[PDB]
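A.B. asks: So I've got this experimental structure, pasted below with the sequence.
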There are 2 protein chains.
Amino acid sequence: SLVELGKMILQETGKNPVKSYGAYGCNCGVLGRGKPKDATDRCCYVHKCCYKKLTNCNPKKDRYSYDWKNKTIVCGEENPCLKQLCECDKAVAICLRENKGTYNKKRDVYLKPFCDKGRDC
Amino acid sequence: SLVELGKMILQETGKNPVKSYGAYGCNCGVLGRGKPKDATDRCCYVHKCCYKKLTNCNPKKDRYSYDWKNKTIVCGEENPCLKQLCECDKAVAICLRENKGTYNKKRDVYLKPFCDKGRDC
């Protein structure tokens, strides 16, 4: 859920996940997918397609455990669905950190007027 | 939708809805419910119980029309679902305005600093 995902983003990027990625581009936050605007948007695109392959758990509400060892997200053993979900969340947190260099404040809202329909995952 | 809900909260409270309420307490913003920490937190708890009654529409995605008359939110006539959704969104904006005097900036973060399981809607 967002408790784990938002914490990972905070730990990797240092940014408020709700205010910085709650509605970034066409793919970051809620409101689904779309053709990505930038590298940051592409990370969230990757992420939501990771989520869609998961069907035995609920990424929105299911909780899971992980720990922070040597400043690295270490996913715990849960079951396979929850461990797969942990890995999706870890991947996007690292991705967003690596593309902070091109984060653009221009694209942080909720109407999505220019977002095109995304291709199938 | 999210657009109308955020616009209402801005019009009533004068605050940035995402920065001020995107993660306030246990019930404001971020998905999930819990024992409210104060009155502002309780406004969002009632709001999420309001949403759960609705099945014929999507609260997050479905747009509805409302108006601003005599500095008052006035819901348009929509269908019964969208009308009830507008009235839920209107009540949460008014409630947050009413309880601004006890707004506690110790409480606007998303990890759910640790909330107890909420009572049933």
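C.D. replies: Thanks, I have it. Numbers count the residues shown, from 1 in each chain, chains lettered A, B, ... in the order given.
A.B. asks: Now do the phi/psi pair for the residue lying closest to residue A:36 once chain neighbours are set aside.
C.D. replies: Distance criterion CB to CB, 6 or more residues apart in numbering or on different chains; nearest residue to residue A:36, sequence neighbours excluded, is residue A:42 at 4.2 Å. Placement of C-beta: from N, CA and C, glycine included. When read as degrees, to the nearest 10, the backbone of residue A:42 gives phi -70, psi -40.
A.B. asks: Around chain B, pick out the residues from chain A.
C.D. replies: A:1-3, A:6-7, A:10, A:16-19, A:22-23, A:30-31, A:60-61, A:110-111 (CB under 8 Å from any CB of the partner chain).
A.B. asks: who's in contact with the residue nearest to residue A:36?
C.D. replies: When contacts are counted by CB atoms under 8 Å, 6 or more residues apart in numbering or on different chains, residue A:42 touches A:27, A:36, A:99.
A.B. asks: Check the gap between it and residue B:75 for me.
C.D. replies: Counting by CB to CB, to the nearest Å, the gap from residue A:42 to residue B:75 is 39 Å.
A.B. asks: cool, and residue A:55?
C.D. replies: Per CB to CB, residue A:55 is found 37 Å from residue B:75.
A.B. asks: So which of these two has more stuff around it?
C.D. replies: Taking other CB atoms under 10 Å in any protein chain shown, residue A:55 and residue B:75 do not tie; residue B:75 has more neighbours (20 against 8).
A.B. asks: from memory that one sits against residue B:88, does it?
C.D. replies: No - using CB atoms under 8 Å as the test, residue B:75 is too far from residue B:88 to be in contact (9.9 Å).
A.B. asks: thinking again about what came up before, show me how to select, in ChimeraX, the buried members of the residues of chain A next to chain B.
C.D. replies: The ChimeraX command for the buried members of these (criterion: 16 or more other CB atoms under 10 Å in any protein chain shown) is given here:
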select /A:1,2,3,6,7,10,16,17,18,19,22,23,31,110
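A.B. asks: Which ones among the residues of chain A next to chain B lie within helices?
C.D. replies: A:2, A:3, A:6, A:7, A:10, A:17, A:18, A:19 (DSSP state H).
A.B. asks: Report the contact partners of residue A:18.
C.D. replies: Each residue near residue A:18 by CB under 8 Å, 6+ apart is listed here: A:6, B:18, B:22, B:23, B:29, B:30, B:110.
A.B. asks: Ignore what I typed, I meant residue A:20.
C.D. replies: Residues near residue A:20 by CB under 8 Å, 6+ apart: A:9, A:13, A:103, A:108.
A.B. asks: I'd like to know which of those is nearest to chain B.
C.D. replies: Distance to chain B across the contacts of residue A:20 (CB to the nearest CB) is lowest for residue A:108, with 8.9 Å.
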